[PDB]
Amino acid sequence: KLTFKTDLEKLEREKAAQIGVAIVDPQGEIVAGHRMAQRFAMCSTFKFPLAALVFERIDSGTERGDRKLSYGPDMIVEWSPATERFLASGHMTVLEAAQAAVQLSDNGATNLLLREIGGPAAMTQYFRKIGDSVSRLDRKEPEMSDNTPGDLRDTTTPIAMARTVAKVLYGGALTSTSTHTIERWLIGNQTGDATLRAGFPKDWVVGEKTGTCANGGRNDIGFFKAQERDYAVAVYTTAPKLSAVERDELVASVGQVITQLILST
């Protein structure tokens, strides 16, 4: 954990990167952190809290999972693989869109959900509702992923986001059924094979949501269960000089550093 700190600092120095990490227990108590209260662009990681918001609405009855959301080609933006496939049919359901947002990082599907829930202002309100006074969504995709240096729009901190993850997965933010559904979606995420979970032991149960932003942002948030011990984790990195593959490797390396800490107990 001094090794944790110094191993992360070594990665930072050698990769010309900044690494923000928070690990918390199911009740949000701090296990470890590095630059844990530095703001970083959320990028696509917000799609996980967005899905949680959607499930809260399903749980309350203010939304219905199989409700059909109609759209045209205007909703197709960069990286909308599922939305493009469903375009001719003319709709995606609330649940289809949410699953695509989480597991494919589909931007069109994300924006479709934003259209339905009240836009960035409503996403921010949900963060506040679940005790997160830090995370903020200001824009839709892909512009929210601009990550202009210094911009506080569309940011979170590792500790705020890790606590948000814990509240959603362990802190009773959702019904047991909705919690299980979102957990399984995270485990089945299609975009994270080379990032955090690549650095964790293969018997840990891991689910996560990645992000990639301009100006070198590469992020991964979620949970892991090391045997019987449950943790929430948020990793945000900025590495402008690395290639895309090297950024993946950086996050996997952070996964290893996390593992080394966790295994020591």
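For every residue, the number given is its place in the sequence shown, counted from 1.
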{"property": "Greater mean Cα temperature factor according to the PDB record, 230-238 or 24-32", "result": "24-32"}
{"property": "Mean temperature factor over C-alpha atoms, higher-scoring stretch between 248-256 and 6-14", "result": "6-14"}
{"property": "Out of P81, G188, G118, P73, residue topping the C-alpha B-factor column of the entry", "result": "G118"}
{"property": "Criterion, highest CA B-factor; candidates, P158, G108, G90, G150", "result": "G150"}
{"property": "Chain-relative CA temperature factor third for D66", "result": "middle"}
{"property": "Entry-reported Cα temperature factor of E143, expressed as the chain third it lands in", "result": "highest"}
{"property": "Within-chain third of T175 by Cα B-factor, per the entry", "result": "highest"}
{"property": "Entry-reported Cα temperature factor of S60, expressed as the chain third it lands in", "result": "highest"}
{"property": "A51, C-alpha B-factor rank within chain (lowest, middle or highest third)", "result": "lowest"}
